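Structure record follows, encoded as structure tokens.
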Number of protein chains: 2
Amino acid sequence: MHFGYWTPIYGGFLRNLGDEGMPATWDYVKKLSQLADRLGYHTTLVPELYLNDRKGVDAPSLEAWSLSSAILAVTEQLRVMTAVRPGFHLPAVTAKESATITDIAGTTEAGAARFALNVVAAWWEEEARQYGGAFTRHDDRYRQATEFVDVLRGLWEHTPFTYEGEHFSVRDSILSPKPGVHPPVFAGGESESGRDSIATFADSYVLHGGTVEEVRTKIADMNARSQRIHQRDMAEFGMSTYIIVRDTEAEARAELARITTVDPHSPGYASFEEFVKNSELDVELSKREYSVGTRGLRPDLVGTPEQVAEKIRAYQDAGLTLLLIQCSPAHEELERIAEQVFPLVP
Amino acid sequence: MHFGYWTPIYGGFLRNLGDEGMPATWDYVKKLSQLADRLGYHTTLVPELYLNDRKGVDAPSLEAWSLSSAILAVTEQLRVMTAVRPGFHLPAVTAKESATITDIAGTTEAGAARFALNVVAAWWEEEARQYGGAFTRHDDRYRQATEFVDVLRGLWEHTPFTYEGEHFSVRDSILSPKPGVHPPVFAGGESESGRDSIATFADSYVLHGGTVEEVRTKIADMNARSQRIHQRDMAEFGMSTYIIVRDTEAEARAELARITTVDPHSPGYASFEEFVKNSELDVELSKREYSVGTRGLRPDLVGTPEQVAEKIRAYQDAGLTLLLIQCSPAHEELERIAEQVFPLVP
């Protein structure tokens, strides 16, 4: 079980509250990344959005690729998983940028790649209008993600590489040097049609917060699809989840109530209606499920370190290999998890 | 007189030779950037090209934006001037990436911006075919650079910002937070039609290697254009030049002969014909002028520290405020310049 966390690029993760002692500045991100790297966190997910989807469109937010490159230059072992939307990027330029970031980061002590990519869809239509991104329809959305990954892979292995497609196309392209260890491709998308495409192009899978049976079922389904396409199980499985660990379960449950106290005028839910409309997920999201992220409290990792470790161990047996923890304040909470929960989860 | 230098992203600057003890790796770039920052170098120019134009298309090369972000995270005072081609970027995404890099870098002791942009044209047509860039020519090339900068400026000052143009367009776009000190816009382009557009959108000007009279005339011409458009002189003037400093002038001239020894099988001149065709400069380049860069040896800063300092002082009186020095090996040569030439040039 690898322990990861979300990098706070929006000044927090709670849509009901404002200040969480997590400023959206490089000063805070550097301190947090260096602390997590020292504590033994395996990976950090840096989401890619040019508008703050947690505190309001006008609230301060950091750019994913520049921040990711800077984090890797000031850390030693922490892997940086960076999100990427095909509609906002050229795959040939992205492949070159990724190879350079692989060199800047190097590899872990065991020779594993310190940089990964999360192929996410541009669900926010207003963000695409504002930042000039190509908004795609769900069947062509999954085909644009396949073509983008085919060009990334093709350039990292072949010299020259040529590709022809409806969304992306390259002619006799030369990329030198190739990454030492190629960045692993992670992807998330619960559409039934998209599940087959994601099983083909991605190495590992990302999932939103769910119960132990929902996670076991979805991991088994993805491995079955990957077994029919490539004759292999998927390399890693990460779940985006919110964690609340305290000395007593009553303190943990009091903090749950505090963060779920709905403020009617909170601008955090600006992107909620657009997420419901243009994020084709199997089950539609409610306003309460969008309080800390995308079903961050559904796994219910709220309690004492022993209780939370017991729940984490059940996800490990269900097939989960990585957690992508959302905290508040992350500088104090990630240290608490490292000290109290990490030894209990082998 | 501010002393700057070119970051070696192609494994050297000499098209006639191969190995220059300057590997195109982050290990070398980090050592070089940290050394230059300690020595007192003001700025470093990181060119943007996805193919190696100095050692052959298939030779190893580093990506400009990821490397620039990583350099700024590991330095304290050195400013990083990064090149940007409008045909390979979305100006709204570039404005956000630039604001985040401004936060990662912070400011110098005097409160000046540690990140600058060099608006360069996509002259390499084969590179645009390979990496999916939008190749423009003539009035479209200069109109695309004006629109790109108008969107960058508009997003850094106004909230929301709207722009309409043939190349770029944005609708009610929100960018938060704005950079503390906006990145200064540098530009290079000797076309007479392009000179008026560059004087309008850019804060400072970049020039290729030239004589003291060529530089004096061109700086005066640019300030006269800027005076008619904005009623002000341009902020800075940088010249890309190659330097050779030795204890004796005979040693310096022997090194000049060594680096200008043409090798018939050198793959460095792969982009020479395409540079001559699609660069759009007042004077066409010869093969000998493309040996170390773009007329890097035309200023002739070859000699003893006293002789080279005397020549630098004449450029300072002609109107030049910044040098963008090309070295080989840069780790030894930039230290030599800092020790011997820096005190002689006040």
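To be explicit about the labels: the chains of the structure tokens are called A, B, and onward in the order shown, and within each one the residues are counted from 1, while ligands get numbers from 1 in the order they are shown.
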
Exercise for the section: Using only C-alpha atoms, find the residues of chain B whose closest atom to chain A is at most 6 Å away, then write them as a PyMOL selection string. Expected result: chain B and resi 26+58+60+62-63+66+69-70+73+92+97+100+104+130-131+170-171+173+176-177

Practice task
as an MDAnalysis selection string, list the residues of stretch 21-121 of chain A assigned to alpha helix (DSSP H) by DSSP on the backbone atoms of this structure.
Solution key: chainID A and resid 26:39 64:73 91:105

Practice task
For atom CA of residue B:17 and atom CA of residue B:327, determine how far apart the two atoms are, in Å to one decimal place.
Solution key: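 Computing the Euclidean distance for atom CA of residue B:17 and atom CA of residue B:327 yields 13.4 Å.
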
Practice task
List every residue of stretch 35-270 of chain A that DSSP, applied to the backbone, labels as strand (DSSP E or B), and write the result as a PyMOL selection string.
Solution key: chain A and resi 43-46+79-84+107+113+115-119+161-163+170-173+185-187+204-207+237-245

Write the selection just made, keeping C-alpha atoms, as a PDB file, in the first residue's frame?
```
ATOM      1  CA  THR A  43       3.224  10.072  -4.839  1.00  0.00           C
ATOM      2  CA  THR A  44       1.498  13.482  -5.077  1.00  0.00           C
ATOM      3  CA  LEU A  45      -1.304  14.280  -7.542  1.00  0.00           C
ATOM      4  CA  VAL A  46      -1.210  17.801  -9.013  1.00  0.00           C
ATOM      5  CA  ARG A  79       6.771  10.964  -7.409  1.00  0.00           C
ATOM      6  CA  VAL A  80       4.719  13.774  -9.024  1.00  0.00           C
ATOM      7  CA  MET A  81       1.602  12.585 -10.914  1.00  0.00           C
ATOM      8  CA  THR A  82       0.488  15.549 -13.062  1.00  0.00           C
ATOM      9  CA  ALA A  83      -2.913  15.784 -14.770  1.00  0.00           C
ATOM     10  CA  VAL A  84      -3.141  16.566 -18.497  1.00  0.00           C
ATOM     11  CA  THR A 107      14.351   7.991 -10.645  1.00  0.00           C
ATOM     12  CA  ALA A 113       9.926   6.797 -12.641  1.00  0.00           C
ATOM     13  CA  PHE A 115       6.900  11.457 -12.864  1.00  0.00           C
ATOM     14  CA  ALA A 116       3.462  10.132 -13.944  1.00  0.00           C
ATOM     15  CA  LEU A 117       0.573  11.548 -16.047  1.00  0.00           C
ATOM     16  CA  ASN A 118      -3.193  11.546 -15.274  1.00  0.00           C
ATOM     17  CA  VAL A 119      -5.142  11.677 -18.554  1.00  0.00           C
ATOM     18  CA  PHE A 161       7.457   8.411 -35.247  1.00  0.00           C
ATOM     19  CA  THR A 162       4.406   8.992 -37.511  1.00  0.00           C
ATOM     20  CA  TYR A 163       0.704   8.931 -36.478  1.00  0.00           C
ATOM     21  CA  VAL A 170       2.483  13.728 -36.398  1.00  0.00           C
ATOM     22  CA  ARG A 171       4.875  13.240 -39.390  1.00  0.00           C
ATOM     23  CA  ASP A 172       8.430  11.755 -39.060  1.00  0.00           C
ATOM     24  CA  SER A 173       8.803  13.340 -35.585  1.00  0.00           C
ATOM     25  CA  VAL A 185      -0.018   6.667 -17.704  1.00  0.00           C
ATOM     26  CA  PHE A 186      -2.883   6.919 -15.165  1.00  0.00           C
ATOM     27  CA  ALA A 187      -6.520   7.589 -16.190  1.00  0.00           C
ATOM     28  CA  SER A 204      -2.674   2.313 -14.163  1.00  0.00           C
ATOM     29  CA  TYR A 205      -6.219   3.421 -13.115  1.00  0.00           C
ATOM     30  CA  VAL A 206      -7.512   6.341 -10.934  1.00  0.00           C
ATOM     31  CA  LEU A 207     -10.881   6.144  -9.125  1.00  0.00           C
ATOM     32  CA  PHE A 237      -4.907   1.594  -8.666  1.00  0.00           C
ATOM     33  CA  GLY A 238      -5.256   4.956  -6.905  1.00  0.00           C
ATOM     34  CA  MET A 239      -8.307   6.309  -5.038  1.00  0.00           C
ATOM     35  CA  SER A 240      -8.967  10.010  -4.362  1.00  0.00           C
ATOM     36  CA  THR A 241     -10.161  10.130  -0.747  1.00  0.00           C
ATOM     37  CA  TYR A 242     -10.412  12.511   2.226  1.00  0.00           C
ATOM     38  CA  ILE A 243      -8.965  11.375   5.576  1.00  0.00           C
ATOM     39  CA  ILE A 244      -9.719  12.509   9.172  1.00  0.00           C
ATOM     40  CA  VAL A 245      -7.546  10.852  11.869  1.00  0.00           C
TER      41      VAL A 245
END
```

Name the residues in contact with residue A:281 at a cut-off of 8 Å, using only C-alpha atoms, excluding same-chain residues fewer than 5 positions from it; report them as a compact mmCIF listing (two decimals) with N, CA and C atoms, in the first residue's frame.
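Result went into result.txt, see below:
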```
# COMPACT_ATOMS: atom_id res chain seq x y z
N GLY A 189 -12.20 7.52 -15.57
CA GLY A 189 -13.39 7.72 -16.40
C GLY A 189 -14.33 6.53 -16.27
N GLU A 190 -15.46 6.72 -15.57
CA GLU A 190 -16.40 5.62 -15.29
C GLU A 190 -17.39 5.29 -16.41
N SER A 191 -17.33 5.94 -17.59
CA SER A 191 -18.25 5.60 -18.69
C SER A 191 -17.95 4.18 -19.18
```

Exercise for the section: For residue B:293, list every protein, DNA or RNA residue within 9 Å, evaluated using only C-alpha atoms, and leave out those in the same chain fewer than 5 positions away; present the list as a ChimeraX atom specification. Expected result: /B:13-15,54,208-209,240-242,326

Shell around residue A:303 at 9 Å using only C-alpha atoms, local window under 5 positions removed, as a compact mmCIF listing (two decimals) with C-alpha atoms, in the first residue's frame:
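Result file is out.txt:
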```txt
# COMPACT_ATOMS: atom_id res chain seq x y z
CA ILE A 243 -8.96 11.38 5.58
CA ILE A 244 -9.72 12.51 9.17
CA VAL A 245 -7.55 10.85 11.87
CA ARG A 246 -7.79 11.89 15.57
CA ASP A 247 -6.90 10.36 19.00
CA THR A 248 -10.64 9.51 19.54
CA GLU A 249 -13.41 8.69 17.03
CA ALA A 250 -15.62 11.40 18.62
CA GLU A 251 -12.99 14.08 17.76
CA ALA A 252 -12.76 12.70 14.19
CA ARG A 253 -16.57 12.73 13.80
CA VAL A 308 -8.57 4.18 9.61
```

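With distances taken over only C-alpha atoms, B:85 is the one residue among B:195, B:31, B:85, B:138 lying closest to residue B:47.
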
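Between atom CA of residue A:152 and atom CA of residue A:87 the interatomic distance comes to 14.4 Å.
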